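# Examination of the molecular architecture
This is what each chain is made of:
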Amino acid sequence: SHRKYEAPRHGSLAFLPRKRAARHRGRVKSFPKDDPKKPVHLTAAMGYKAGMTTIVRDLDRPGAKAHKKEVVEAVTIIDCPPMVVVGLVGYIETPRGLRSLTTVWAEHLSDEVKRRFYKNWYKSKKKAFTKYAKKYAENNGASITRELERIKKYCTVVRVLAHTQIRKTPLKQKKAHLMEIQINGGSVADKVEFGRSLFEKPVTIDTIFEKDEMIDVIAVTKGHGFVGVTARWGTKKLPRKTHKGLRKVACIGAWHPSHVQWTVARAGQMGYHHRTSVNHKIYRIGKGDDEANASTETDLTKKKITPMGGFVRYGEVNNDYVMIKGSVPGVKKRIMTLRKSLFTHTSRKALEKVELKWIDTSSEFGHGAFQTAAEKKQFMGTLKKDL
Amino acid sequence: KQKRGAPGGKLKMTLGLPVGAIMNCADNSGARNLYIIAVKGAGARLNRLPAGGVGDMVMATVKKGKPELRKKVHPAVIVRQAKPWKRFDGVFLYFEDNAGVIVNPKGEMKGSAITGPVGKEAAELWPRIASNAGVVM
Amino acid sequence: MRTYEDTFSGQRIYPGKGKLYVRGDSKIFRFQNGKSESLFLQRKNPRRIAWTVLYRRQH
RNA sequence: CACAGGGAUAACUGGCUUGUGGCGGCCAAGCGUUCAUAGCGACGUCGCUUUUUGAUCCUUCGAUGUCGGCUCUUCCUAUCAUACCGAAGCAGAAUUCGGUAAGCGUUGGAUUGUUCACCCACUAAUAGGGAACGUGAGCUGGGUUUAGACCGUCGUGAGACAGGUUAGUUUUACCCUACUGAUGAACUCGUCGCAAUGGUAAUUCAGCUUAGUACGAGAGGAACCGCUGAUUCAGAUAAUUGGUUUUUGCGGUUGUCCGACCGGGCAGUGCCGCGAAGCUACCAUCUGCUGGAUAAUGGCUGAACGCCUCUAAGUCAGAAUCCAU
RNA sequence: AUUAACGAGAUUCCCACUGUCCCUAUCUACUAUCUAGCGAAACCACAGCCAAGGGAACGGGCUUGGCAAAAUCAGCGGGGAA
RNA sequence: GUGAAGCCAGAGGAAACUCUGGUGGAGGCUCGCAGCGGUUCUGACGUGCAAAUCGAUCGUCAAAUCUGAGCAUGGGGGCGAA
Ligand SMILES: [Mg+2]
């Protein structure tokens, strides 16, 4: 007989395989559509997630109830030390898909990247690219300069291999991360020469992104061990007087089709899935050499964005950083991935031009009350340990 | 075409009191408490009781007061609640008690005076309650 | 932007922190954190609380 | 109450039939101020379905757990609302008849064990059904349907009543398969990639302006574009607010024990106040894309059939549909 | 036919109270979990992937199709008319 | 805990008589530990610690209360506040 009262479905079938992600680093599955009339430019970056904080600004939205008044919004801080180009790859088209056919690395590599190709680096001989270097300084790089011509002739898209400098962060890890970034240049000749220039030289994120524009975020979510049905999918709990368990589901299928189906809710893994979050606004790109990268045009204090005592379960930020409106998937210290957007934004809310007015820098380790130690001292008075 | 009573433009806030709540009454209409039986702009979902917050219309009866108002169903509006909630400016606030007034379906009050403070949201949406109230927030 | 002073304990308050409590007789109180608010609701006296700003000034 | 047996023989599912039950057609005397077919339809007649009830007894009596409710998934269209359209005894508004269409929804309560029903209120709407009359090693045990007991009618009596009432034990999964997840031998060890196939996701409403305008004698009274919000659903996150306290962190305090003070044990965490970190809440915050091909319908050129005609050859636009991103 | 006191008797309403509920969240102890030692039972024609067909009128085995890759761990309660 | 008869003193009234304060300690009376019993959770376990147990919550508790040993009634017979 039919179901008495109707109701929607618990959980979504779109994100169906609820299993642990296959790899720890996020995976960009599609790059923005190529346009051959722009100038050459990269289309992605990568960094580390520091924490969250609070700001205050004034709104510019004609017709709203809060037009030209002060709002309170949450933001997140990503720590982005520069990247170093290492090489480039070229793909051609085939009746079975795209495929790569050449790679050309740079002459000298760092210990950071070389540590990635090994699982036991300490008791090794570290001979990663030793013989490859001899290709350079042999017949004047003849073998090197032929592969590049091949990419110029046959290939149709080009990508750049880049790696981070993890030694410039408070992390305990020493193994760098490596990934690919596509170039949307204008011609295959142009975008291979531009790639060649950037060999073994750092590139900063302010040449990649720009303020108050919309981006996409890719990462791997937080992990929970092994959870029941009530928390995994969100089903109602059974009455208090139920024998043989209460936090369950009651009917997992009708007599016929005679098998348990793939659409019923059951216990298993929670978290550590791959996710792609979209439509995030950039509020600020802060430089690292500046010593007032948390001030504003109205709050003329001199301070840096690190709270009083460093972000909890993280160090301090001494590099460039980006401020993003909202939340992003992933815990602190985890490798974040940023990339340009695929959509077209004409909504009068994604086109707003933001100008902040205050940035919180209080301690998140408790009920923090002051902004700077100078402020605390002048208010606190004098203590017994100040001699 | 008599439009169904529902405040237009009301931003979302934490709903403090559901169906079955007994709030106070703050006006000279002769009632003392109010018993909620419905909420106007309510939705529809299995097992979920409807609820409302400061500012929106409610259908309610009276259970103790002048015998000329009892055993009937009146439209009412809430004016202050006891559960914290935040505005766009980022500050939380809350009163001591739950209270409401009796109105017309068109939006006119029945009584003539309000006794106590009033939430800012109620003033903006209903012009009559604002013009007749004292201290707001 | 603006800042406020805690009613019970005189601590400074920035935007977003604390809450605002309105008493029955149209008097508005602000508390910087839970500790101030909880003590006030128990009818305690600020004068006898050692860490208050008023207690320090009084002595 | 007992024994030997019976599916040769009943009470439930399943199977053939469809009288009764439900739904749809064909002719046209007439209703509709005049006018058979805007909307209906007598006297007759042709069908469809197995969510009603009957008829039969084919399968189970060395047993297939027999009412209802709670939770959950999926399927059908005879379409309540949502998309786009064709008709009217369609001026506007509110409505009635039909098409493509099952993608997306279809509520909160008082009385009854109820299925069924009838009232209150919100909403865009509160459509109809199947899966062994879905669902008891998933729950509950209010009713029926063991033994105790009371009343009324019947019987001389033991006792009877699809008459009323009260109290009455709900067992087992570790095996196989199915499902949710997690390892893994063979071609040396690794890093960076392609994508066959499988899955798929968003939904509805409100306010301002258009507008006191088009329409109409008047009373009344719309719509596209534009702007801002909200209901249901989905994926994350913890700066702020709240919850949690074995941080047994700090303090207060009762009884007893260490001769007294200090410092401590025990009262399965003695009790109370505050309480960081972590976890967490539409009780908190952020986010949810656009290309192709079409159906109903409206058209262009145009014969068959010197005229006409959206179709016969060719072709244009086009939906919450279908396939992809 | 009434009836004060009495009742682990059946039934209706009111005040106070609450996680019964809206709507779920967290903490503690003992298992479940892994290891060393010891170490059973119920049950079992052969065994174990589906759709339609016909058949004793609801097949794991038959006919026609779909398909189909070693060995395994923790849960689960659709089926084996268990 | 409540406080029945019997006894002492005082006060009001013309009289008949009526009031007030103590003393005393009755009741198949009452709250509530041990013993005795077994209402609810329709809780735990349900190839159990156990062929009827465990936990919390409950009924009675100075009398028709609980209990040991010796003796009597024997199967169409005994015994039964049924
Ligand atoms: Mg007019």
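Residues numbered from 1 in each chain as written, not as in the entry; some residues may be left out. Chains lettered and ligands numbered in written order. Part of a larger assembly, values for the part shown. Heavy atoms only, no water.

As documented in the archive entry, the model was determined using cryo-EM at 3.0 Å resolution.

By the naming in the PDB entry, chain C is 60S ribosomal protein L24-like protein, taken from Chaetomium thermophilum var. thermophilum DSM 1495. For this structure, the PDB header gives the title as "Thermophilic eukaryotic 80S ribosome at pe/E (TI)-POST state".

The PDB entry lists chain A under the name 60S ribosomal protein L3-like protein, with Chaetomium thermophilum var. thermophilum DSM 1495 as the source organism.

Now for the protein's contact with RNA strand E. Of all residues adjacent to RNA strand E, which total 15 residues, the nearest are A:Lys236, A:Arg247, A:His259, A:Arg266 and B:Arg48. For RNA strand E, the backbone portion of the atoms within 4 Å of the protein, that is sugar and phosphate, comes to 76%. Within the side chain of A:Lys248, a nitrogen or oxygen atom sits 3.3 Å from a phosphate oxygen of RNA strand E. Between RNA strand E and the protein, one listed contact pairs a phosphate oxygen with a side-chain N or O atom of A:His259 at 3.2 Å. In terms of residue class, the surface near RNA strand E is built from 5 nonpolar, 4 polar and 6 charged. (Near = heavy atom within 4 Å. Polar contact = N/O pair within 3.5 Å; in protein donor to acceptor, adjacent residues only side chain to side chain. Nonpolar A, V, L, I, M, F, W, Y, C, P; charged D, E, K, R; others polar.)

In total, this model carries 10 aromatic pairs over all chains according to the counting rule given. Ring plane angle 20° and centroid distance 5.2 Å describe the contact between B:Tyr94 and C:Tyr21, whose orientation is recorded as stacked. Linking B:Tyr94 in strand β8 (residues 92–94) with C:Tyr21 in strand β3 (residues 19–22), this pair reaches from one chain into another. When its relative accessible area of 11% is taken as the criterion, B:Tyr94 is described as buried. For C:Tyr21, a relative accessible area of 10% corresponds to the buried category. Here the aromatic cluster, defined as three or more aromatic residues joined through ring pairs, consists of A:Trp105, A:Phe117, A:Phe129 and A:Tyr132. Directly above the ring of A:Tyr91 sits A:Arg159, whose terminal nitrogen or CZ lies 4.8 Å from the centroid. In this structure, C:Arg30 is placed above the aromatic ring of C:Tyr4, and the distance from its NZ or CZ to the ring centre is 3.8 Å. (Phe/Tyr/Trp six-rings, centres within 6.5 Å; stacked < 30°, edge-to-face > 60°. Helix = DSSP H or I, 4+ residues; strand = E, 2+ residues; numbered from the N terminus. Buried < 20%, exposed > 50% of the residue type's maximum accessible area, 1.4 Å probe, protein only. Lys NZ or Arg CZ within 6 Å of the ring centre and 35° of its normal.)

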